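In what follows, a structure is listed as C-alpha cells, so that the remarks can point back to it.
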Amino acid sequence: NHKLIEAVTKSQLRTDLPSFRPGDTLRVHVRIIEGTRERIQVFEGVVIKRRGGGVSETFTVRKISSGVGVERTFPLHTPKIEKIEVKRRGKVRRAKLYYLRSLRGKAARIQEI
RNA sequence: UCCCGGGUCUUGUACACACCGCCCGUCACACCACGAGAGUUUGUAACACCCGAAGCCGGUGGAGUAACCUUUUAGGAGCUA
C-alpha cells in the first residue's frame, strides 16, 4: 500500500489463522462478556463475503437459526475470535454468494468437493 | 198498515247475562318468540400448489473398518459413516 500505513500496522496484524475461500462452512469461537464468567460461545455457518482489503478485511458467515436466518460479520484480526476451524469445503463458482439470501432449505445447499 | 204493549201452529239462528245478546279490523301503550337485513365475527369437513422434520426400502463421489479367502507386514470380500 503506502508503505508507511503498512509499516505501522504490522503489530496489529494478527496471523495464526487457517486459510479458506467462500463456499466453506466454518466454526467460530467468539469471547462474549455476557455473564458471571466471560464465556466462549460458538457460531456455525457458511461464509459469504471477502477476506481482503489489508488490515481491515472482514468475512461474513450466515446460518439458519430457528427458521429466521441470521448473519454475522467479523473483523478478521480481532482479539475476540478465539480460533477458527473448518467443517466442509464447497465448490461455488463465485466470489461473493448473495444468492443464498433468498433460497429456502434444499435450494440453499452447496455440494462438497 | 202496525209504533210505546201483549197470545198461537211454523221457519231460521254461530245467541242462553237468549238482541240493552253475539263477534270483526287497522290505529295507541306494554311484554314475548320469530323471518328479512349493509356488514362484522367464530367454527368444522375438505380440495389446489409450494416448503418436506423423522424412517425402513432404491443409489451409495469416499476417511475408517474383528470373523471368511490369498501374497496374511500387507491387501481383499462384507459393513457402517
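Here Cβ is always computed from backbone atoms with ideal geometry, including for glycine, and neighbour counts include all displayed protein chains. Taken together, the values in this text are just the output of simple stated rules run on the coordinates, not laboratory data.
A few comments on the model shown:
- The stretch A:42-77, subset surrounded by fewer than 12 Cβ atoms within 10 Å (Cβ to Cβ) and polar (S, T, N, Q), residue farthest from A:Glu112 (Cα to Cα): A:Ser56
- Every residue from the stretch A:74-113 that is more than 19 Å from A:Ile40 (Cβ to Cβ) and hydroxyl-bearing (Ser, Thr, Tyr): A:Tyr98, A:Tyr99, A:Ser102
- Here A:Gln12 does not fit the description of being within 16 Å of RNA strand B (Cβ to nearest atom), among the polar types (S, T, N, Q) and surrounded by fewer than 13 Cβ atoms within 10 Å (Cβ to Cβ).
- For the stretch A:18-111, the strands (runs of 3 or more DSSP E) that sit wholly inside it and include 1 or more residues that are of a type in the set (A, V, I, L, M) and within 16 Å of RNA strand B (Cβ to nearest atom) are A:40-47, A:58-64, A:81-89.
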